[PDB]
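Asker: Pasting a structure here, questions to come.
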Amino acid sequence: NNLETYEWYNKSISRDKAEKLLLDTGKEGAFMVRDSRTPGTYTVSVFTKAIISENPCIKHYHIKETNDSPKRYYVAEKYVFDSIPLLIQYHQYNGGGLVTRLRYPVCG
């Protein structure tokens, strides 16, 4: 289940790089992900077309894990999943709060 393969996943990524990659993509709600280390949760870098202080804001959401069944990972003590991809795939489609529920996974 080792992410690595999602336009949104960004291994060894940081908070600055994702934003950088985000600011590069623009897709309001640019979705990205970055591994953490804790219980095994992954990070999700979400970016809202930003180029100044107009409004556009970036957001790095971490996918919390809760002994799957029901699901484990989540980014809002909300809808949890057995993996970021599903957790992401779930946001990318259905609702799922988040800036825009995974508007466009950034892969930089």
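Asker: Test each condition in (1) buried (at least 16 other Cβ atoms within 10 Å of the Cβ); (2) hydrophobic (A, V, I, L, M, F, W, C); (3) in a loop (DSSP other than H, G, I, E, B) for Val46 and report the one that comes out false.
Answerer: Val46 satisfies all of (1) buried (at least 16 other Cβ atoms within 10 Å of the Cβ); (2) hydrophobic (A, V, I, L, M, F, W, C); (3) in a loop (DSSP other than H, G, I, E, B) except (3).
Asker: Moving to a separate point now. For the stretch 15-43, what are the residues that are touching a strand residue (DSSP E or B) at 6+ places or on another chain (Cβ under 7 Å), outside any helix (DSSP H, G or I) and not basic (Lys, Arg)?
Answerer: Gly29, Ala30, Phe31, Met32, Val33, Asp35, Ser36, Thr41, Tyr42, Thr43
Asker: If you scan the stretch 59-72, which residues turn out to be under 20 Å from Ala30 (Cβ atoms) and either surrounded by fewer than 21 Cβ atoms within 10 Å (Cβ to Cβ) or not aliphatic (A, V, I, L, M) (or both)?
Answerer: Within the stretch 59-72, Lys59, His60, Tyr61, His62 qualify.
Asker: Here's a follow-up. Go through (1) surrounded by fewer than 16 Cβ atoms within 10 Å (Cβ to Cβ); (2) in a helix (DSSP H, G or I); (3) aliphatic (A, V, I, L, M) one by one and return the number of the condition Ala76 breaks.
Answerer: Single failed check for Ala76: (2).
In this analysis, Cβ positions are derived from the backbone assuming ideal geometry, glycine residues included, and neighbour counts consider all displayed protein chains. Any read-out appearing in this document is the output of simple, stated calculations on the displayed coordinates, not a laboratory observation.
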